[PDB]
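*Asks:* Chains as they are written, first to last, in this note's numbering: chain A, 2 to 161; chain B, 2 to 161; chain C, 3 to 172; chain D, 267 to 434; chain E, 22 to 278; chain F, -19 to 239; chain G, 417 to 532. Quick reminder that beta carbons are idealized off the backbone N, C-alpha and C, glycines included.
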Amino acid sequence: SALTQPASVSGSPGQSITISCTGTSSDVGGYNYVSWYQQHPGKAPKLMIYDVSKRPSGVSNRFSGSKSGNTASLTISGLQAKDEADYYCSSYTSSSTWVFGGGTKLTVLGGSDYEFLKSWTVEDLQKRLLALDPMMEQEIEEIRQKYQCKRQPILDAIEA
Amino acid sequence: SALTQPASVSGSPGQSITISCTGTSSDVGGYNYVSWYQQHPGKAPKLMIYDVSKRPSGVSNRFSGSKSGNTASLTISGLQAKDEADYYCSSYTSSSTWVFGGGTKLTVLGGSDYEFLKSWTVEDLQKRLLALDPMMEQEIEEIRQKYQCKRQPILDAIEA
Amino acid sequence: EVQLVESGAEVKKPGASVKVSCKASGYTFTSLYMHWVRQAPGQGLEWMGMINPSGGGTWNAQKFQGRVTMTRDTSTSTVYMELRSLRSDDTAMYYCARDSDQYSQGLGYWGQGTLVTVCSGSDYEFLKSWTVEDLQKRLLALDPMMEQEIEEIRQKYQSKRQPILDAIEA
Amino acid sequence: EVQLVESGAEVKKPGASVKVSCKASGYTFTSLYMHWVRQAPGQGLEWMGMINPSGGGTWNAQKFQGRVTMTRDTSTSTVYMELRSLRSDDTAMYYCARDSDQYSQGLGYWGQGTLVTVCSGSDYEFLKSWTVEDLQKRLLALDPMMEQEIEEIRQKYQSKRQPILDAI
Amino acid sequence: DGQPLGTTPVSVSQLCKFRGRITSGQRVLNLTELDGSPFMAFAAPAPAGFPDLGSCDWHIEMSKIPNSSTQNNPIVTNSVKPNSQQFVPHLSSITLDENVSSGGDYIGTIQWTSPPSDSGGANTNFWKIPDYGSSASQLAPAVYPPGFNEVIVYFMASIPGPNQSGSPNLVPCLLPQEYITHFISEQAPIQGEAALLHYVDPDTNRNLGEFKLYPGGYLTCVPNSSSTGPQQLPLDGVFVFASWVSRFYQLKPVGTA
Amino acid sequence: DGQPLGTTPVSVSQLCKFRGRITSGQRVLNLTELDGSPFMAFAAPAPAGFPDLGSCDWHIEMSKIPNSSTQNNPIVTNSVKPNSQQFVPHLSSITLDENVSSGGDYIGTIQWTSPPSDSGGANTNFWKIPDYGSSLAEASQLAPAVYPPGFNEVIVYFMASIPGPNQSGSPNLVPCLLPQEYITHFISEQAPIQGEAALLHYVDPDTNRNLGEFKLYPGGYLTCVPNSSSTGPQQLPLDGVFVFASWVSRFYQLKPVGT
Amino acid sequence: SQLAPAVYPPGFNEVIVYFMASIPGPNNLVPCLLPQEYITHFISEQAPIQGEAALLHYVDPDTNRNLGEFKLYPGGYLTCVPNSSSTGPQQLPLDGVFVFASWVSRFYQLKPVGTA
């Protein structure tokens, strides 16, 4: 089985927002070990709610999680720009394994007239340049990695 | 205090040499832990002999240390150039402290005639090219620092 | 401070065993667990296995059973993943992660990741006939492709210009 | 693979306190005791004490008793050496070294070495009164002199190359 | 009557402990007795007090039994996999997972247990015993639950270690070690088929439940229902001997519901 | 006659173990009893089975008692400095050297002992005890010290090895007045006392030769008369059984033991 | 395997004596536990064993004196207590004759054998 998450979730900056995670009785209701993973598309994920309703150090109190019966929910209050990422819930399984969800693309609108992003702190605009950089370079090595095997087969075919 | 050691002992290649470390009963005789050392002039010292006669992995079987009453001795057999380094003895004192020896010197007198240089094996020669640079790097450590010593109080003087 | 360093990206032929490593330093190797996480490009994370550094303890996902073999060496403080029967699906972001703490049970300390890409083929069939054929003029297409990457960054440069454009007049 | 690296070479005015670190990685920090060894230029190795990574536990030599103060950080797996009232003889090659094995009880794994330097001058507060105007110029003029002193030992390096050329 | 069976130690000190010589740089531990004595293979399946925590991975901690060390931390962490064919305590040799730097006589216990490896992801089942590498067998006879709706009563203690279900890592037991020590010290003869023990609260002198003690050395009872049993009994009670009874003595069921 | 004094536990299981609850990211350990019940200061200087290895640096291996975790190694290694002022078990609080990330009920023992820190570089003197919390004000205080009786009599101690280095490189032996099996037997069977001392005989069970005679005082310690400056009872074999010969007066003169 | 049982010297000292015999070859002295003639004598006379052990004298047929004494066990081996680590039954002459006195137990501890 595979954990199920909403394909995309929307929310304007400023107010609260809830992310849902639903699984089977054994996967999410059987045990109290569900971990919420937020990953910017560039770099590796990082801990948000590693145990339901419990928060690791170094993480803002805005991100909070809860589980009601057979559904685990992330609730985020004071949503703003730098939460734009794909969020995953991971839970223990009856098969002594850890399962992962599809992921929710947190769609937060901002800078429609391009005035909102400059209305934030001056660091955020510099952060936005630092925010785009990780996933802006992944495509390069993505072409590079296939490029490492678009041509070796044809010289192998030459030797064939 | 410090273990009394010979200032310098030398032997020709081929004939085994023996270097002895001397100390009181509280230093060497009382306890069975004596460590024999060797320091390349540029490289960090490593371990030849520990626990009187036990040898760590990574050093040739020729090195062998022993304890005779209040005197500990190190035996080296069939010397070559690569053994040219200062040997340090250390014993666990009765004061719950480790005390180092004075530091003996051994130099292989072979090669002074300049005909024994070719007598060394190609591997023996090859390490000699890569050995005369690092200990000269040790010298320039002193050259960059005797003048850092006398540069220091004009940088204060310019400030003051 | 603890760092997880992977071996590095490497492109493997289909059906060829792929060997990956994850350096561990700055913490006791045997106490914490090492996990392996794969993220398909733009598809989401998935968990394949987890290893006992203190001897054996290989437990992997049910769908990966018989495919992934994991081992560790305490002398070098590294963990090795081995995979078999490489197909077009295994090209993804391979991640090594450990729990935040002995009692944490949360993977938050990940590595840099390796972009192990499987050769999808789809060109052996067309370019095996007629032996060399015109591939001589096709194998020299290495240099022209470099200009495309210069064009891609221009597209990347296009979208990393507006925030400063909004910043200057802010 | 396990190695020890430290802060690096430092220059200190005598009478102050020097702070030396020693980064440890690749092994269980609390499992092995950490020793501190100093070597003055042209003098034998000296042992200024040991530090237990597990909760303090400092034992230092009597001649350095009351002078060194050693502490460890379990989070960063780093051991700190702190020596106050540096003297002319105190400049030395500062080594941090753990044991080769838990039961070996011999310093086999040593650090890269750190070089704390002391000068103590001869009379410099006198030099501040009138020599400060040309003191920097005297320094800058003397800078190339030792640059060819490295070349002087380069000449020695080339001098000892000739016998090895005949050996080849 | 105070006759120990299998690798049962007299006192708690020698429980889950092992002592042996291992050459430097190797991983095989040549088991000896806990007091630095040669181990007789024929007498016992394993050295006295050797662990029987089967179907799980042992993560041992060891130290040289004569303290010849003055500087460093003496504990060395290693792991033993009982399911491995090299784990043969009967032949006085078990192979640790990792290499040991320095040779000598190491004494050690089981620090923690993990789910067994090379077993298809099986959980840390503490109700099974290791293979012991026996080749006739001198193991303790297997105790079977008697009929008449009687079930063996086990005593649980926690050993640190993870499990596949996140449940407490409770190991079963047949008789508290104090009872074993008392029986060995006081070799009282057996005068009946079984001994009826009353579980009496010391303060109120109330028999909360009654149990049958068999001469084989295991305590049994009768559960009131599948959902109840001795687990509901308070831990502060003390077993008080009542009488010798036949095997057919039908106990009053313990528990509620 | 069988009333344990100080922090003597009934059985070996809770002998050197300690249990407590710690907040996350803190080094203060709020002690409780081994079974988990709250500890009372007026009951004893420390929770039953608390270690009393004084003049040494403890190195504990705690673990979460309920075993909630499912993956990682639960053993957490920390150290305790009994010479530190914060070491006040009588107040049900001891501070570890390193902060513990995960909070919860922790149970652990002493793994190894090192020479005490911040104590002038003294050796591991296992014959001393840690300075417990302030107990003069409270009713429960330390058990009275057992002074050696006169008549050339020396208290006999039973020695067991604990891991950990010592400054002399000698075996790390922890002395104890009586074996724990004897204490359990005395507690279970509370026989009264009919004389000022008990004349024990150390006899080899099979050959039945009287290796030496010992006096067992009601305070709970064994005394003997060493034959000479030699170590005395240490030469005796360990495969011996103490048999209660008779009740004797205090002034009973033991036959010298050893050679 | 119905193998014969290993013999443990019981109690303090009471080492088990061996009858060395030389076989030519590499340079050899193989040990022994009981003479074959003694085995034949025991087989011929099927008499019961009393007590725990049988005490034997190593009497010399010349002087009829007991140079050494030995304790014989029903397990089929001989025991004795040496004077010291080196001095023991080896110092006894090879010309002596073994006899039987009575049946003794572990209570009877033999006086040390050997000239030191």
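Quick check: what's the CA-CA separation for C:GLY108 versus A:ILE20?
*Replies:* Roughly 19 Å between the two C-alpha positions.
*Asks:* In this structure, what does DSSP give as the bridge partners for D:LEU311?
*Replies:* D:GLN305.
*Asks:* Could you name the residues of the region 122 to 148 of chain E whose beta carbon sits closer than 8 Å to any beta carbon of chain C, in the order they occur along the chain?
*Replies:* Listed by position, the residues of the region 122 to 148 of chain E near chain C (Cβ gap below 8 Å) are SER135, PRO136, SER138, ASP139 and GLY142.
*Asks:* With a threshold of 6 Å, establish whether the CB of D:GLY377 neighbours any heavy atom of the ligand MG.
*Replies:* Here there are no bound small molecules, and the ligand MG is not part of this structure.
*Asks:* Assess contact between the region 42 to 59 of chain C and the region 8 to 20 of chain C, defined as three or more Cβ pairs (one per stretch) separated by less than 8 Å. Is contact present?
*Replies:* No, the region 42 to 59 of chain C does not touch the region 8 to 20 of chain C.
*Asks:* If you check the beta carbons only, do A:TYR38 and A:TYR89 fall under 7 Å apart?
*Replies:* Contact flag set, yes.
*Asks:* Under three-state DSSP, which class holds residue 18 of chain E?
*Replies:* For residue 18 of chain E there is no data in the structure shown, the boundaries of chain E being 22 and 278.
*Asks:* Closer than 8 Å by beta-carbon distance: list the chain F residues that pair up with G:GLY491, in chain order.
*Replies:* The premise fails here: G:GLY491 is roughly 16 Å from chain F at the closest Cβ pair, so nothing lies under 8 Å.
*Asks:* Can you tell me which of the three DSSP states D:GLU418 falls into?
*Replies:* In this structure, D:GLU418 counts as helix in the three-state DSSP scheme.
*Asks:* Can you tell me which of the three DSSP states C:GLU3 falls into?
*Replies:* DSSP places C:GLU3 in coil when its eight states are reduced to three.
*Asks:* Let me know if C:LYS139 comes out buried or exposed under the rule of 16 or more other beta-carbons within 10 Å of its beta-carbon.
*Replies:* It counts as exposed.
*Asks:* For the candidate residues A:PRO154, A:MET136, A:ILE141 and A:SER78, whose alpha-carbon lies nearest to that of C:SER124?
*Replies:* Closest by alpha carbon: A:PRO154.
*Asks:* Exposed or buried, what is A:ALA132 when buried is set at 16 or more other beta-carbons lying within 10 Å of its beta-carbon?
*Replies:* Counting Cβ neighbours within 10 Å, A:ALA132 comes out buried, since at least 16 surround it.
*Asks:* Use the C-beta contact count for G:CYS448: other C-beta atoms within 10 angstroms, 16 or more gives buried, fewer gives exposed.
*Replies:* Exposed is the call here.
*Asks:* Assuming D:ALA306 and D:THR357 form a contact by the criterion Cβ under 8 Å, report the distance between their Cβ atoms to the nearest whole angstrom.
*Replies:* Correct: roughly 7 Å between the Cβ atoms.
*Asks:* Assign E:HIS80 to one of three DSSP states: helix, strand, or coil.
*Replies:* Here E:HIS80 sits in strand by DSSP.
*Asks:* Whose CA, out of D:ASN326, D:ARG353, D:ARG364 and D:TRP325, lies closest to the CA of D:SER343?
*Replies:* The option with the nearest alpha carbon to D:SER343 is D:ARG364.
*Asks:* Quick one: which residues of the region 421 to 439 of chain G get their C-beta closer than 9 Å to a C-beta of chain F? List them in chain order.
*Replies:* Flagged, chain order: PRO426, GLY427 and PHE428.
*Asks:* Tell me, please, whether the CB atom of F:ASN188 is closer than 7 Å to any CB atom in chain E?
*Replies:* False, the Cβ-Cβ gap to chain E never drops below 7 Å.
*Asks:* Can you confirm whether F:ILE55, when its beta carbon is compared against all beta carbons of chain E, has any partner nearer than 7 Å?
*Replies:* So yes, F:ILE55 belongs to the interface.
*Asks:* Tell me the start and end of each unbroken alpha helix (DSSP H) in the region 106 to 136 of chain A that is at least 4 residues and wholly inside, in chain order.
*Replies:* Runs found: 116 to 120.
*Asks:* Return the first residue and the last residue of the alpha helix (DSSP H) that F:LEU153 is part of.
*Replies:* It is not in any alpha helix (DSSP H) - F:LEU153 instead sits in the beta strand (DSSP E) that spans 153 to 156.
*Asks:* What's the gap between the Cα of B:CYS150 and the Cα of D:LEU405?
*Replies:* Approximately 12 Å between the Cα atoms of the pair.
*Asks:* Looking only at its own chain, which residues have a Cβ that is under 8 Å from the Cβ of F:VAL154, when we skip the five neighbours before and after it?
*Replies:* Result list for F:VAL154: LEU33, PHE106, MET139, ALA140, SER141 and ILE142, in chain order.
*Asks:* Check the Cβ of F:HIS39 against every Cβ in chain D and list those closer than 9 Å, keeping chain order.
*Replies:* In chain order: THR296, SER320 and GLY321.
*Asks:* Could you tell me how far apart the beta carbons of G:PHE523 and G:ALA470 are, in whole angstroms, since I believe they sit closer than 8 Å?
*Replies:* G:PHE523 to G:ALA470, Cβ: 14 Å. No contact.
*Asks:* Kindly give me the distance between the Cβ atoms of A:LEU4 and A:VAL109, rounded to whole angstroms, as I take these residues to be in contact under 8 Å.
*Replies:* Not a contact, Cβ separation roughly 23 Å.
*Asks:* Can you give the Cα-Cα distance for A:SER67 and A:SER74, rounded to whole angstroms?
*Replies:* Straight-line Cα distance between these residues: approximately 5 Å.
*Asks:* Taking the CB atoms as reference points, tell me whether E:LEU52 and E:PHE60 lie closer together than 7 Å.
*Replies:* Yes. Within cutoff.
*Asks:* Should D:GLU267 be labelled buried (16 or more other beta-carbon atoms within 10 Å of its own) or exposed?
*Replies:* Per the 10 Å Cβ criterion, exposed.
*Asks:* Using a 10 Å radius around the Cβ and a threshold of 16 neighbouring Cβ atoms, would you call B:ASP84 buried or exposed?
*Replies:* Buried, since its Cβ has 16 or more Cβ neighbours within 10 Å.
*Asks:* What are the start and end residues of each continuous alpha helix (DSSP H) run of 4 or more residues lying completely inside the region 124 to 211 of chain F, in chain order?
*Replies:* Within the region 124 to 211 of chain F, the complete alpha helix (DSSP H) runs of at least 4 residues are 160 to 168.
*Asks:* At a Cβ threshold of 7 Å, is E:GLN92 touching chain D?
*Replies:* Yes, E:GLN92 lies at the interface with chain D (some Cβ there is under 7 Å from its Cβ).
*Asks:* Find the residues of chain D that neighbour F:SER59, judging by a C-beta separation of less than 7 Å, and give them in chain order.
*Replies:* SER320 and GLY321, listed in chain order.
*Asks:* Who are the neighbours of F:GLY149 on chain B, taking C-beta pairs under 7 Å?
*Replies:* The answer, in chain order, is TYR32.
*Asks:* Less than 7 Å between the C-beta atoms of F:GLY113 and F:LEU76, yes or no?
*Replies:* Not in contact: F:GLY113 and F:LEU76 (Cβ atoms no closer than 7 Å).
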